[PDB]
Amino acid sequence: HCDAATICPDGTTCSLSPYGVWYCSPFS
């Protein structure tokens, strides 16, 4: 998970992209 080396905003989730990027969104 991205909660030990990224810490996404409150109420947001991060997912890996087919390119190799990590981003979080407040809308799942």
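Numbers in chain A track Swiss-Prot; the residues on display, in order, are 3-30.
Each Cβ is built from the backbone N, Cα and C atoms, and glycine gets one as well.
Taken from Swiss-Prot as is:
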DISULFID  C4-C16  disulfide bond
DISULFID  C10-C26  disulfide bond
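Between the CA atoms of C4 (disulfide bond) and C10 (disulfide bond) there is a gap of 7 Å, rounded to the nearest whole number. DSSP classifies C10 (disulfide bond) as coil under the three-state reduction. Remark: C26 (disulfide bond) has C4, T8, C10, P11, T14, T15, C16 as non-local neighbours, by Cβ distance under 8 Å and separation of at least 6 in sequence.
There are 15 other CB atoms within 10 A of the CB of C4 (disulfide bond), with all protein chains counted. Counting every protein chain shown, the Cβ of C16 (disulfide bond) has 16 other Cβ atoms within 10 Å. For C10 (disulfide bond), other Cβ atoms within 10 Å of its Cβ number 16.
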